[PDB]
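Colleague: upload-v2.csv (CSV, C-alpha atoms) pasted underneath:
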chain,number,residue,atom,x,y,z
U,1,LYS,CA,-10.7,4.8,4.6
U,2,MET,CA,-7.4,6.6,4.0
U,3,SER,CA,-6.9,10.2,2.8
U,4,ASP,CA,-4.2,12.7,2.2
U,5,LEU,CA,-6.5,15.0,4.3
U,6,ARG,CA,-5.9,14.2,8.0
U,7,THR,CA,-8.0,15.5,10.9
U,8,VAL,CA,-6.0,15.2,14.1
U,9,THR,CA,-6.7,16.2,17.6
U,10,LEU,CA,-3.6,16.8,19.7
U,11,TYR,CA,-3.6,17.2,23.5
U,12,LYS,CA,-0.8,19.3,25.0
U,13,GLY,CA,0.0,16.7,27.6
U,14,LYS,CA,3.2,16.6,29.7
U,15,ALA,CA,5.7,17.4,26.9
U,16,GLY,CA,3.6,19.9,24.8
U,17,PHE,CA,2.2,19.7,21.3
U,18,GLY,CA,5.6,18.7,19.9
U,19,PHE,CA,5.8,20.6,16.6
U,20,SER,CA,7.1,23.8,15.0
U,21,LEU,CA,5.2,25.7,12.3
U,22,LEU,CA,6.1,28.3,9.7
U,23,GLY,CA,4.1,30.9,7.7
U,24,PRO,CA,4.5,34.1,5.8
U,25,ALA,CA,5.5,37.4,7.3
U,26,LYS,CA,2.2,39.1,6.4
U,27,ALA,CA,-1.3,37.8,6.7
U,28,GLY,CA,-3.8,38.1,3.8
U,29,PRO,CA,-3.9,37.5,0.1
U,30,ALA,CA,-0.6,36.6,-1.6
U,31,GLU,CA,0.7,37.6,-5.0
U,32,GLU,CA,1.2,35.0,-7.6
U,33,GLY,CA,4.5,33.1,-7.1
U,34,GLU,CA,4.7,34.0,-3.4
U,35,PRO,CA,4.5,31.3,-0.7
U,36,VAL,CA,1.3,31.4,1.4
U,37,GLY,CA,-0.2,29.1,4.0
U,38,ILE,CA,0.8,27.7,7.4
U,39,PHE,CA,3.1,24.6,7.4
U,40,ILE,CA,4.5,22.2,9.9
U,41,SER,CA,8.3,22.8,9.9
U,42,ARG,CA,9.5,20.3,12.5
U,43,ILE,CA,8.2,17.3,14.5
U,44,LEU,CA,9.9,17.3,17.9
U,45,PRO,CA,11.3,14.1,19.3
U,46,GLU,CA,8.7,14.2,22.2
U,47,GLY,CA,5.2,15.6,22.2
U,48,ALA,CA,1.7,15.1,21.0
U,49,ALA,CA,2.6,15.3,17.3
U,50,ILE,CA,5.1,12.5,17.3
U,51,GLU,CA,2.9,10.3,19.5
U,52,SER,CA,0.0,10.8,17.0
U,53,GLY,CA,2.1,9.6,14.0
U,54,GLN,CA,-0.3,11.6,11.8
U,55,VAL,CA,1.4,15.0,11.8
U,56,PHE,CA,4.3,15.5,9.4
U,57,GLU,CA,6.9,18.1,8.5
U,58,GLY,CA,5.7,19.7,5.2
U,59,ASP,CA,2.0,19.4,6.0
U,60,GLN,CA,-0.1,22.5,5.3
U,61,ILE,CA,-2.2,23.3,8.3
U,62,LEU,CA,-5.5,24.2,6.5
U,63,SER,CA,-7.3,25.0,9.8
U,64,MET,CA,-6.7,24.9,13.5
U,65,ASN,CA,-9.3,24.9,16.2
U,66,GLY,CA,-12.0,25.9,13.7
U,67,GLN,CA,-9.9,28.8,12.3
U,68,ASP,CA,-9.2,28.9,8.5
U,69,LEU,CA,-5.4,29.4,8.2
U,70,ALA,CA,-5.2,29.8,4.4
U,71,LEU,CA,-4.1,33.4,4.7
U,72,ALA,CA,-2.7,33.5,8.2
U,73,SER,CA,0.7,35.0,9.0
U,74,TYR,CA,3.3,33.0,11.0
U,75,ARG,CA,2.7,35.4,13.9
U,76,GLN,CA,-1.1,34.8,13.8
U,77,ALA,CA,-0.7,31.0,13.7
U,78,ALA,CA,2.0,30.9,16.5
U,79,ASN,CA,-0.2,33.2,18.6
U,80,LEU,CA,-3.2,31.0,18.1
U,81,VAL,CA,-1.2,28.0,19.4
U,82,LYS,CA,0.4,29.9,22.3
U,83,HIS,CA,-3.1,31.2,23.4
U,84,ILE,CA,-4.8,27.8,23.7
U,85,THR,CA,-6.0,27.5,27.3
U,86,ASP,CA,-7.6,24.0,27.4
U,87,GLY,CA,-4.6,22.1,25.9
U,88,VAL,CA,-6.7,20.8,22.9
U,89,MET,CA,-5.7,21.4,19.3
U,90,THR,CA,-7.7,20.2,16.3
U,91,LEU,CA,-5.9,20.3,12.9
U,92,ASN,CA,-6.8,19.7,9.3
U,93,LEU,CA,-3.6,18.8,7.6
U,94,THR,CA,-2.4,17.6,4.2
U,95,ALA,CA,1.1,17.1,2.8
U,96,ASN,CA,1.9,19.9,0.4
U,97,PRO,CA,5.5,19.5,-0.7
U,98,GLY,CA,5.3,22.0,-3.6
U,99,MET,CA,4.3,24.9,-1.4
U,100,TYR,CA,6.6,23.8,1.4
U,101,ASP,CA,9.5,23.8,-1.2
U,102,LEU,CA,8.4,27.3,-2.3
U,103,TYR,CA,9.0,28.6,1.2
U,104,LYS,CA,12.6,27.5,0.9
U,105,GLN,CA,13.2,29.8,-2.1
Would you give me this structure, written as structure tokens?
Modeller:
Amino acid sequence: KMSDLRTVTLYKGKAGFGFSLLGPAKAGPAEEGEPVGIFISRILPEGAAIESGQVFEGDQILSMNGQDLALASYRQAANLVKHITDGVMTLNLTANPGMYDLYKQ
């Protein structure tokens, strides 16, 4: 009934999706020890993410709108979001503090 793995549908609404993401400079396979994956880097004070209560800073975005983001660059993920035309975003999320911390190094 509860899981670390969250499947969330956000609707852009009046205030937007309400979160920031981060990712690596370059898409594709990563060397050992290098950070990889797309992460939620901020929940904004208004927007779909805060209203949902199920999207957190430090979550890895494993997929978005059916797209596997394991190897996505930041640019690829931000472009995917910016290009949504129907205002709907489906996310597979899980908290990943270790990898999120590796991005801070």
Colleague: I'd like the neighbourhood of residue 56 (chain U) as a ChimeraX atom specification, where a residue qualifies if any of its atoms comes within 10 Å (using all atoms listed in the file), though same-chain residues fewer than 5 positions away should be ignored.
Modeller: /U:19,39-43,49-50,93-95
Colleague: Please measure the separation of CA of residue 5 (chain U) and CA of residue 98 (chain U), giving the value in Å to one decimal.
Modeller: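 Interatomic distance here is 15.8 Å.
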Colleague: If you measure from CA of residue 69 (chain U) to CA of residue 26 (chain U), what distance in Å do you get, rounded to one decimal?
Modeller: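 About the pair CA of residue 69 (chain U) and CA of residue 26 (chain U): they are 12.5 Å apart.
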Colleague: Go ahead and compute the interatomic distance for CA of residue 58 (chain U) and CA of residue 83 (chain U), in Å to one decimal.
Modeller: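 Calculated distance between CA of residue 58 (chain U) and CA of residue 83 (chain U) is 23.3 Å.
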Colleague: Just checking: using all atoms listed in the file, which residue out of U:2, U:25, U:10, U:61 ends up closest to residue 73 (chain U)?
Modeller: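 Counting all atoms listed in the file, the residue closest to residue 73 (chain U) is U:25.
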Colleague: Taking all atoms listed in the file into account, name the residue in U:45, U:23, U:35, U:97 that is nearest to residue 76 (chain U).
Modeller: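 Between U:45, U:23, U:35, U:97, the residue approaching residue 76 (chain U) most closely is U:23.
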Colleague: Mind listing whatever residues come within 12 Å of the point (-7.4, 28.8, 16.0)? Use only C-alpha atoms, file coordinates, and give them as a VMD selection string.
Modeller: chain U and resid 38 61 to 70 72 76 to 85 88 to 92
Colleague: Using all atoms listed in the file, which of U:75, U:44, U:29, U:3 sits nearest residue 16 (chain U)?
Modeller: U:44
Colleague: Using only C-alpha atoms, which of the listed residues (U:18, U:33, U:105, U:6) sits closest to residue 60 (chain U)?
Modeller: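 Of U:18, U:33, U:105, U:6, the one nearest residue 60 (chain U) is U:6, counting only C-alpha atoms.
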Colleague: Determine the nearest neighbour of residue 96 (chain U) from the options U:12, U:36, U:74, U:47, counting all atoms listed in the file.
Modeller: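 Closest to residue 96 (chain U), using all atoms listed in the file: U:36.
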Colleague: Generate N, CA and C atoms for region 77-92 of chain U and emit them as an mmCIF file, keeping the file's coordinate frame.
Modeller:
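New file out.cif:
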data_model
loop_
_atom_site.group_PDB
_atom_site.id
_atom_site.type_symbol
_atom_site.label_atom_id
_atom_site.label_comp_id
_atom_site.auth_asym_id
_atom_site.auth_seq_id
_atom_site.Cartn_x
_atom_site.Cartn_y
_atom_site.Cartn_z
ATOM 1 N N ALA U 77 -0.599 32.420 13.419
ATOM 2 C CA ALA U 77 -0.700 31.000 13.700
ATOM 3 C C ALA U 77 0.034 30.680 15.055
ATOM 4 N N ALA U 78 1.235 31.225 15.246
ATOM 5 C CA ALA U 78 2.000 30.900 16.500
ATOM 6 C C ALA U 78 1.230 31.486 17.681
ATOM 7 N N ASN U 79 0.591 32.642 17.516
ATOM 8 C CA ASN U 79 -0.200 33.200 18.600
ATOM 9 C C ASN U 79 -1.412 32.398 18.907
ATOM 10 N N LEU U 80 -2.095 31.900 17.870
ATOM 11 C CA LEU U 80 -3.200 31.000 18.100
ATOM 12 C C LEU U 80 -2.835 29.818 18.943
ATOM 13 N N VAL U 81 -1.710 29.182 18.618
ATOM 14 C CA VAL U 81 -1.200 28.000 19.400
ATOM 15 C C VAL U 81 -0.903 28.449 20.822
ATOM 16 N N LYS U 82 -0.123 29.525 20.975
ATOM 17 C CA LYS U 82 0.400 29.900 22.300
ATOM 18 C C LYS U 82 -0.805 30.303 23.210
ATOM 19 N N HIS U 83 -1.927 30.736 22.644
ATOM 20 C CA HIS U 83 -3.100 31.200 23.400
ATOM 21 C C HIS U 83 -4.075 30.098 23.770
ATOM 22 N N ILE U 84 -3.875 28.864 23.302
ATOM 23 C CA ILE U 84 -4.800 27.800 23.700
ATOM 24 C C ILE U 84 -4.732 27.620 25.207
ATOM 25 N N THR U 85 -5.915 27.587 25.824
ATOM 26 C CA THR U 85 -6.000 27.500 27.300
ATOM 27 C C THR U 85 -6.392 26.116 27.786
ATOM 28 N N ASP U 86 -7.083 25.311 26.980
ATOM 29 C CA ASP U 86 -7.600 24.000 27.400
ATOM 30 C C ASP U 86 -6.686 22.847 26.984
ATOM 31 N N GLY U 87 -5.552 23.119 26.340
ATOM 32 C CA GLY U 87 -4.600 22.100 25.900
ATOM 33 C C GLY U 87 -5.096 21.223 24.752
ATOM 34 N N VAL U 88 -6.123 21.633 24.013
ATOM 35 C CA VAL U 88 -6.700 20.800 22.900
ATOM 36 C C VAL U 88 -6.421 21.594 21.605
ATOM 37 N N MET U 89 -5.935 20.878 20.596
ATOM 38 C CA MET U 89 -5.700 21.400 19.300
ATOM 39 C C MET U 89 -6.251 20.484 18.232
ATOM 40 N N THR U 90 -7.183 20.948 17.408
ATOM 41 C CA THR U 90 -7.700 20.200 16.300
ATOM 42 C C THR U 90 -7.092 20.769 15.015
ATOM 43 N N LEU U 91 -6.600 19.910 14.127
ATOM 44 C CA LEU U 91 -5.900 20.300 12.900
ATOM 45 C C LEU U 91 -6.524 19.618 11.715
ATOM 46 N N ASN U 92 -6.640 20.340 10.604
ATOM 47 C CA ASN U 92 -6.800 19.700 9.300
ATOM 48 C C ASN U 92 -5.528 19.915 8.544
#
